[PDB]
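Below: input_7.cif (mmCIF, C-alpha atoms)
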data_protein
loop_
_atom_site.group_PDB
_atom_site.id
_atom_site.type_symbol
_atom_site.label_atom_id
_atom_site.label_comp_id
_atom_site.auth_asym_id
_atom_site.auth_seq_id
_atom_site.Cartn_x
_atom_site.Cartn_y
_atom_site.Cartn_z
ATOM 1 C CA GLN A 932 -20.018 -12.898 -42.117
ATOM 2 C CA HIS A 933 -17.011 -14.988 -41.088
ATOM 3 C CA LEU A 934 -14.914 -11.808 -41.066
ATOM 4 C CA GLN A 935 -17.482 -9.814 -39.087
ATOM 5 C CA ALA A 936 -17.975 -12.819 -36.802
ATOM 6 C CA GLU A 937 -14.225 -13.055 -36.208
ATOM 7 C CA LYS A 938 -13.969 -9.255 -36.132
ATOM 8 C CA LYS A 939 -16.718 -9.025 -33.509
ATOM 9 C CA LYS A 940 -14.817 -11.629 -31.480
ATOM 10 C CA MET A 941 -11.863 -9.228 -31.371
ATOM 11 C CA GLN A 942 -14.117 -6.590 -29.807
ATOM 12 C CA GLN A 943 -15.338 -9.159 -27.279
ATOM 13 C CA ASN A 944 -11.731 -10.121 -26.537
ATOM 14 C CA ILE A 945 -10.802 -6.444 -26.200
ATOM 15 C CA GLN A 946 -13.848 -5.874 -23.991
ATOM 16 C CA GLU A 947 -13.037 -9.035 -22.031
ATOM 17 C CA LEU A 948 -9.470 -7.752 -21.646
ATOM 18 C CA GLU A 949 -10.636 -4.251 -20.688
ATOM 19 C CA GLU A 950 -12.564 -5.601 -17.697
ATOM 20 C CA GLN A 951 -9.472 -7.588 -16.696
ATOM 21 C CA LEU A 952 -7.099 -4.642 -17.124
ATOM 22 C CA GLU A 953 -9.505 -2.366 -15.246
ATOM 23 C CA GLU A 954 -9.691 -4.949 -12.449
ATOM 24 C CA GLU A 955 -5.971 -5.768 -12.396
ATOM 25 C CA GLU A 956 -4.976 -2.102 -12.675
ATOM 26 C CA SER A 957 -7.459 -1.143 -9.953
ATOM 27 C CA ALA A 958 -6.162 -3.909 -7.679
ATOM 28 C CA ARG A 959 -2.566 -2.942 -8.475
ATOM 29 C CA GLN A 960 -3.257 0.673 -7.496
ATOM 30 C CA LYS A 961 -4.657 -0.472 -4.147
ATOM 31 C CA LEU A 962 -1.553 -2.582 -3.502
ATOM 32 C CA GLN A 963 0.715 0.367 -4.316
ATOM 33 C CA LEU A 964 -1.189 2.593 -1.883
ATOM 34 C CA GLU A 965 -0.860 0.001 0.884
ATOM 35 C CA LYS A 966 2.829 -0.486 0.073
ATOM 36 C CA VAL A 967 3.467 3.263 0.293
ATOM 37 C CA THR A 968 1.617 3.465 3.613
ATOM 38 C CA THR A 969 3.384 0.377 4.972
ATOM 39 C CA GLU A 970 6.740 1.593 3.644
ATOM 40 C CA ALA A 971 6.250 5.042 5.182
ATOM 41 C CA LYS A 972 5.173 3.547 8.514
ATOM 42 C CA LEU A 973 8.047 1.052 8.388
ATOM 43 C CA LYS A 974 10.536 3.883 7.837
ATOM 44 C CA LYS A 975 9.235 5.650 10.949
ATOM 45 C CA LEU A 976 9.716 2.524 13.070
ATOM 46 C CA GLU A 977 13.172 1.917 11.589
ATOM 47 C CA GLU A 978 14.204 5.530 12.211
ATOM 48 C CA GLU A 979 12.964 5.353 15.806
ATOM 49 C CA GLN A 980 14.886 2.107 16.321
ATOM 50 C CA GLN B 932 -10.999 -4.452 -46.270
ATOM 51 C CA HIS B 933 -12.804 -2.672 -43.430
ATOM 52 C CA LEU B 934 -13.465 -5.964 -41.641
ATOM 53 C CA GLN B 935 -9.923 -7.116 -42.427
ATOM 54 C CA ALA B 936 -8.496 -3.789 -41.249
ATOM 55 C CA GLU B 937 -10.860 -3.735 -38.265
ATOM 56 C CA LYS B 938 -10.086 -7.349 -37.364
ATOM 57 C CA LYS B 939 -6.398 -6.597 -37.939
ATOM 58 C CA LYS B 940 -6.496 -3.333 -35.980
ATOM 59 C CA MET B 941 -8.539 -5.021 -33.247
ATOM 60 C CA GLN B 942 -5.992 -7.848 -33.167
ATOM 61 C CA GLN B 943 -3.245 -5.293 -32.520
ATOM 62 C CA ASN B 944 -5.354 -3.875 -29.686
ATOM 63 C CA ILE B 945 -5.609 -7.350 -28.153
ATOM 64 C CA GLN B 946 -1.824 -7.662 -28.379
ATOM 65 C CA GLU B 947 -1.437 -4.248 -26.742
ATOM 66 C CA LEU B 948 -4.028 -5.141 -24.099
ATOM 67 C CA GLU B 949 -2.439 -8.564 -23.597
ATOM 68 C CA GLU B 950 0.999 -6.947 -23.362
ATOM 69 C CA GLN B 951 -0.377 -4.476 -20.813
ATOM 70 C CA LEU B 952 -1.807 -7.352 -18.767
ATOM 71 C CA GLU B 953 1.597 -9.057 -18.710
ATOM 72 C CA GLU B 954 3.279 -5.787 -17.726
ATOM 73 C CA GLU B 955 0.495 -4.849 -15.302
ATOM 74 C CA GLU B 956 0.477 -8.341 -13.784
ATOM 75 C CA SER B 957 4.282 -8.404 -13.672
ATOM 76 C CA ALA B 958 4.281 -5.153 -11.691
ATOM 77 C CA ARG B 959 1.235 -6.172 -9.644
ATOM 78 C CA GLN B 960 2.835 -9.498 -8.703
ATOM 79 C CA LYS B 961 5.968 -7.676 -7.538
ATOM 80 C CA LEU B 962 3.951 -4.842 -5.982
ATOM 81 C CA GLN B 963 1.564 -7.264 -4.266
ATOM 82 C CA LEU B 964 4.491 -9.186 -2.773
ATOM 83 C CA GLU B 965 6.206 -5.939 -1.761
ATOM 84 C CA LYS B 966 2.962 -4.614 -0.273
ATOM 85 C CA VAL B 967 2.313 -7.843 1.640
ATOM 86 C CA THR B 968 5.969 -8.139 2.661
ATOM 87 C CA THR B 969 6.030 -4.474 3.691
ATOM 88 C CA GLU B 970 2.724 -4.932 5.522
ATOM 89 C CA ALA B 971 4.067 -8.026 7.288
ATOM 90 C CA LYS B 972 7.274 -6.155 8.129
ATOM 91 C CA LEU B 973 5.213 -3.235 9.445
ATOM 92 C CA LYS B 974 3.389 -5.580 11.825
ATOM 93 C CA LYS B 975 6.761 -7.014 12.861
ATOM 94 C CA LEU B 976 8.553 -3.652 12.790
ATOM 95 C CA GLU B 977 6.043 -2.352 15.340
ATOM 96 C CA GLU B 978 6.945 -5.272 17.610
ATOM 97 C CA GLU B 979 10.640 -4.491 17.115
ATOM 98 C CA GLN B 980 10.083 -0.918 18.304
ATOM 99 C CA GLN C 1667 -5.431 -20.395 -22.306
ATOM 100 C CA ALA C 1668 -2.523 -17.964 -21.901
ATOM 101 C CA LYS C 1669 -4.780 -15.569 -19.995
ATOM 102 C CA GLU C 1670 -6.263 -18.477 -18.035
ATOM 103 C CA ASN C 1671 -2.796 -19.868 -17.308
ATOM 104 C CA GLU C 1672 -1.712 -16.370 -16.266
ATOM 105 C CA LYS C 1673 -4.555 -16.330 -13.734
ATOM 106 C CA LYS C 1674 -2.994 -19.392 -12.101
ATOM 107 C CA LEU C 1675 0.361 -17.592 -11.961
ATOM 108 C CA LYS C 1676 -1.130 -14.593 -10.152
ATOM 109 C CA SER C 1677 -3.108 -16.978 -7.940
ATOM 110 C CA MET C 1678 0.001 -19.042 -7.181
ATOM 111 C CA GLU C 1679 1.818 -15.779 -6.429
ATOM 112 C CA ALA C 1680 -0.533 -15.349 -3.463
ATOM 113 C CA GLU C 1681 1.042 -18.434 -1.883
ATOM 114 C CA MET C 1682 4.561 -17.069 -2.370
ATOM 115 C CA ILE C 1683 3.322 -13.636 -1.287
ATOM 116 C CA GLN C 1684 1.491 -15.139 1.693
ATOM 117 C CA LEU C 1685 4.530 -17.227 2.645
ATOM 118 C CA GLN C 1686 6.678 -14.091 2.433
ATOM 119 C CA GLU C 1687 4.296 -12.347 4.843
ATOM 120 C CA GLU C 1688 4.859 -15.011 7.501
ATOM 121 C CA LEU C 1689 8.495 -15.530 6.486
ATOM 122 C CA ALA C 1690 9.241 -11.806 6.764
ATOM 123 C CA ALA C 1691 7.560 -11.629 10.175
ATOM 124 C CA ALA C 1692 9.136 -14.907 11.306
ATOM 125 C CA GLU C 1693 12.567 -13.850 10.041
ATOM 126 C CA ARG C 1694 12.168 -10.417 11.638
ATOM 127 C CA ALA C 1695 11.203 -12.100 14.918
ATOM 128 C CA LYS C 1696 14.701 -13.586 15.139
ATOM 129 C CA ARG C 1697 16.245 -10.119 14.843
ATOM 130 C CA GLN C 1698 13.988 -8.727 17.577
ATOM 131 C CA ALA C 1699 14.646 -11.745 19.804
ATOM 132 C CA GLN C 1700 18.385 -11.693 19.083
ATOM 133 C CA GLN C 1701 18.521 -7.981 19.914
ATOM 134 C CA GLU C 1702 16.822 -8.792 23.233
ATOM 135 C CA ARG C 1703 18.376 -12.222 23.826
ATOM 136 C CA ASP C 1704 21.827 -10.576 23.807
ATOM 137 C CA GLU C 1705 21.198 -7.033 25.072
ATOM 138 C CA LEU C 1706 19.203 -8.133 28.119
ATOM 139 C CA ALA C 1707 21.562 -11.087 28.590
ATOM 140 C CA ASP C 1708 24.594 -8.800 28.812
ATOM 141 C CA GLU C 1709 22.624 -6.472 31.092
ATOM 142 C CA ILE C 1710 21.273 -9.379 33.157
ATOM 143 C CA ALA C 1711 24.859 -10.246 34.091
ATOM 144 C CA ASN C 1712 25.351 -6.613 35.169
ATOM 145 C CA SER C 1713 21.994 -6.097 36.917
ATOM 146 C CA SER C 1714 21.265 -9.635 38.123
ATOM 147 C CA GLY C 1715 24.924 -10.675 38.109
ATOM 148 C CA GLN D 1667 4.051 -17.993 -25.380
ATOM 149 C CA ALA D 1668 1.190 -19.676 -23.505
ATOM 150 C CA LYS D 1669 3.705 -22.277 -22.328
ATOM 151 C CA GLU D 1670 5.909 -19.445 -21.053
ATOM 152 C CA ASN D 1671 3.033 -18.178 -18.907
ATOM 153 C CA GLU D 1672 2.455 -21.731 -17.674
ATOM 154 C CA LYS D 1673 6.207 -22.108 -17.145
ATOM 155 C CA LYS D 1674 6.122 -18.954 -15.014
ATOM 156 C CA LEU D 1675 3.457 -20.560 -12.823
ATOM 157 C CA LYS D 1676 5.498 -23.771 -12.715
ATOM 158 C CA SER D 1677 8.667 -21.769 -12.056
ATOM 159 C CA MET D 1678 6.885 -19.949 -9.229
ATOM 160 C CA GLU D 1679 5.873 -23.352 -7.851
ATOM 161 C CA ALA D 1680 9.542 -24.260 -7.398
ATOM 162 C CA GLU D 1681 10.171 -20.875 -5.774
ATOM 163 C CA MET D 1682 6.988 -21.284 -3.725
ATOM 164 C CA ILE D 1683 8.198 -24.660 -2.444
ATOM 165 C CA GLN D 1684 11.575 -23.078 -1.695
ATOM 166 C CA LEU D 1685 9.837 -20.227 0.132
ATOM 167 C CA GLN D 1686 8.035 -22.789 2.299
ATOM 168 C CA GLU D 1687 11.412 -24.147 3.416
ATOM 169 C CA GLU D 1688 12.561 -20.638 4.340
ATOM 170 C CA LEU D 1689 9.280 -19.952 6.148
ATOM 171 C CA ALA D 1690 9.443 -23.349 7.863
ATOM 172 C CA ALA D 1691 12.993 -22.685 9.062
ATOM 173 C CA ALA D 1692 12.027 -19.110 9.949
ATOM 174 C CA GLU D 1693 8.831 -20.268 11.665
ATOM 175 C CA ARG D 1694 10.831 -22.669 13.839
ATOM 176 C CA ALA D 1695 13.233 -19.865 14.763
ATOM 177 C CA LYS D 1696 10.361 -17.407 15.242
ATOM 178 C CA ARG D 1697 8.633 -19.757 17.691
ATOM 179 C CA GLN D 1698 11.891 -20.317 19.575
ATOM 180 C CA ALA D 1699 12.681 -16.595 19.363
ATOM 181 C CA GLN D 1700 9.439 -15.777 21.187
ATOM 182 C CA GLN D 1701 10.431 -18.092 24.042
ATOM 183 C CA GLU D 1702 13.909 -16.558 24.259
ATOM 184 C CA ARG D 1703 12.513 -13.030 23.934
ATOM 185 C CA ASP D 1704 9.859 -13.683 26.586
ATOM 186 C CA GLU D 1705 12.492 -15.219 28.870
ATOM 187 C CA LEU D 1706 14.790 -12.204 28.524
ATOM 188 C CA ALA D 1707 11.840 -9.839 28.978
ATOM 189 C CA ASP D 1708 10.883 -11.590 32.222
ATOM 190 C CA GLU D 1709 14.493 -12.178 33.296
ATOM 191 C CA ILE D 1710 15.373 -8.495 32.864
ATOM 192 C CA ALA D 1711 12.296 -7.594 34.918
ATOM 193 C CA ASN D 1712 13.365 -9.898 37.756
ATOM 194 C CA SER D 1713 16.841 -8.345 37.703
ATOM 195 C CA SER D 1714 15.314 -4.914 38.346
ATOM 196 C CA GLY D 1715 13.310 -6.260 41.287
#
Would you encode the structure as structure tokens?
Amino acid sequence: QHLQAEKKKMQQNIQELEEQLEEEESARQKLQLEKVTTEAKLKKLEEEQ
Amino acid sequence: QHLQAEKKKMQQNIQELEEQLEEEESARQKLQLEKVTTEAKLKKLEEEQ
Amino acid sequence: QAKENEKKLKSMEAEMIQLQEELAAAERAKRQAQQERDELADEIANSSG
Amino acid sequence: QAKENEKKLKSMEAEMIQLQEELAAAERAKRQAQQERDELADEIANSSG
């Protein structure tokens, strides 16, 4: 019972970490997309300058 | 043994998930700053042009 | 607590990231102004001068 | 390692405070740059007329 109780806590921690990783990874992907768009647009302005 | 192996295997998953969060957050923190800095530069780069 | 403390690091990164957004734009403003404070100045002495 | 994560937040605090000084100095120059840029923009226009 103490093992299953502590073992089940590992699943909760993994599940609690999965929601964080899915949220952090999803937010990181959005930042990379904006950085690529801003970097591409910045290169156009720099080239025109 | 199953609970010990499960709790031990699950513990390794938490370490892998925790390590991914540190690596994901480390890249997100640098990507977020680069995205915001690039976005801020884009707003200023447009004024430069 | 490590995950909770890490949340404060990513949250505090917003301040540094936010400051970089205004710092990058503010720093870039000097380059745009310097490029115009000197180019137009030299031309002002030729056109207005 | 939890202290390391907290140290990273504390370390970022020192860098965040340092970034405020750069933004403050850049903000002062950015505000003055706008006045100089606007003056040259209007001065160059008067030279044409």
### Reference answer for the PyMOL selection byres ((chain D) within 12 of (chain B)), as JSON, numbers by chain
{"D": [1667, 1668, 1670, 1671, 1674, 1675, 1678, 1696, 1700, 1703]}
### Query
How many Å lie between atom CA of residue D:1693 and atom CA of residue A:976, rounded to one decimal?
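Separation of atom CA of residue D:1693 and atom CA of residue A:976: 22.9 Å.
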For residue A:978, work out the shell of residues within 12 Å, counting all atoms listed in the file and skipping chain neighbours fewer than 4 positions away, then give it as an mmCIF file with C-alpha atoms, keeping the file's coordinate frame.
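The file below, around10.cif, is the result:
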data_model
loop_
_atom_site.group_PDB
_atom_site.id
_atom_site.type_symbol
_atom_site.label_atom_id
_atom_site.label_comp_id
_atom_site.auth_asym_id
_atom_site.auth_seq_id
_atom_site.Cartn_x
_atom_site.Cartn_y
_atom_site.Cartn_z
ATOM 1 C CA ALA A 971 6.250 5.042 5.182
ATOM 2 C CA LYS A 972 5.173 3.547 8.514
ATOM 3 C CA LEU A 973 8.047 1.052 8.388
ATOM 4 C CA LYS A 974 10.536 3.883 7.837
ATOM 5 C CA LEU B 976 8.553 -3.652 12.790
ATOM 6 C CA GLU B 977 6.043 -2.352 15.340
ATOM 7 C CA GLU B 979 10.640 -4.491 17.115
ATOM 8 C CA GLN B 980 10.083 -0.918 18.304
#
#### Entry: Computed interatomic separation between atom CA of residue C:1682 and atom CA of residue C:1697 (Å)
21.9 Å
### Message
Over all C-alpha pairs taken in order, what is the RMSD once chain D has been least-squares superposed onto chain C?
### Response
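My reading of the C-alpha RMSD is 3.2 Å.
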## Note on the structure
Expressed to one decimal, the C-alpha RMSD of chain B after its least-squares fit on chain A over all C-alpha atoms in order is 1.2 Å
### Task
Calculate how many Å separate atom CA of residue B:939 from atom CA of residue A:950, rounding to one decimal.
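Atom-to-atom, atom CA of residue B:939 and atom CA of residue A:950 are spaced 21.2 Å apart.
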### Task
Step by step: start from the point (5.0, -15.4, 1.1) in the file's coordinates, keep every protein, DNA or RNA residue that has an atom no farther than 9 Å from it, count only C-alpha atoms, and write the set as an NGL selection string.
(:B and (964 or 967-968)) or (:C and (1679-1690)) or (:D and (1682 or 1685-1686 or 1689))
### Query
Residues picked by the PyMOL selection byres ((chain A) within 7 of (chain B)) here, as a list in words?
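This file gives the following for the PyMOL selection byres ((chain A) within 7 of (chain B)): residues 934, 935, 938, 941, 942, 944, 945, 948, 952, 956, 959, 962, 963, 965, 966, 969, 970, 972, 973, 976 and 980 of chain A.
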Show me, as AutoDock Vina command-line options, the centre and edge lengths in Å to one decimal of the axis-aligned box that covers every listed atom of stretch 1694-1710 of chain D with 5 Å on each side.
--center_x 12.0 --center_y -15.6 --center_z 23.6 --size_x 16.7 --size_y 24.2 --size_z 29.5
### Query
Of the candidates D:1691, D:1673, D:1713, D:1708, which shows the shortest atom-to-atom distance to chain C, using all atoms listed in the file?
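Checking each candidate against chain C, we get D:1713 as the closest.
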### Message
Which residues are close to residue C:1707, i.e. within 10 Å by only C-alpha atoms, leaving aside same-chain residues fewer than 4 positions away? Reply as a PyMOL selection string.
### Response
(chain C and resi 1701-1703+1711-1714) or (chain D and resi 1705-1707+1709-1710)
Would you fill out stretch 938-949 of chain A with N, CA and C atoms and return it as a short mmCIF file (atom, residue, chain, number, x, y, z; two decimals), in the frame of the given file?
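Written file, selection-v9.cif:
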data_model
loop_
_atom_site.label_atom_id
_atom_site.label_comp_id
_atom_site.auth_asym_id
_atom_site.auth_seq_id
_atom_site.Cartn_x
_atom_site.Cartn_y
_atom_site.Cartn_z
N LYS A 938 -14.26 -10.63 -36.53
CA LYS A 938 -13.97 -9.26 -36.13
C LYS A 938 -14.70 -8.88 -34.85
N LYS A 939 -15.98 -9.28 -34.74
CA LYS A 939 -16.72 -9.02 -33.51
C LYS A 939 -16.09 -9.74 -32.32
N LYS A 940 -15.50 -10.92 -32.55
CA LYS A 940 -14.82 -11.63 -31.48
C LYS A 940 -13.64 -10.82 -30.95
N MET A 941 -12.95 -10.08 -31.82
CA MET A 941 -11.86 -9.23 -31.37
C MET A 941 -12.37 -8.16 -30.41
N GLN A 942 -13.53 -7.57 -30.72
CA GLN A 942 -14.12 -6.59 -29.81
C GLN A 942 -14.48 -7.23 -28.48
N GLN A 943 -15.04 -8.45 -28.52
CA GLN A 943 -15.34 -9.16 -27.28
C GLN A 943 -14.06 -9.47 -26.50
N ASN A 944 -13.01 -9.88 -27.20
CA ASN A 944 -11.73 -10.12 -26.54
C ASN A 944 -11.17 -8.83 -25.96
N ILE A 945 -11.25 -7.73 -26.71
CA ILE A 945 -10.80 -6.44 -26.20
C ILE A 945 -11.65 -6.03 -25.01
N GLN A 946 -12.97 -6.18 -25.12
CA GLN A 946 -13.85 -5.87 -23.99
C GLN A 946 -13.57 -6.81 -22.82
N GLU A 947 -13.38 -8.10 -23.10
CA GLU A 947 -13.04 -9.04 -22.03
C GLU A 947 -11.69 -8.70 -21.40
N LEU A 948 -10.76 -8.17 -22.19
CA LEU A 948 -9.47 -7.75 -21.65
C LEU A 948 -9.56 -6.41 -20.93
N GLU A 949 -10.47 -5.53 -21.36
CA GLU A 949 -10.64 -4.25 -20.69
C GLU A 949 -11.11 -4.45 -19.26
#
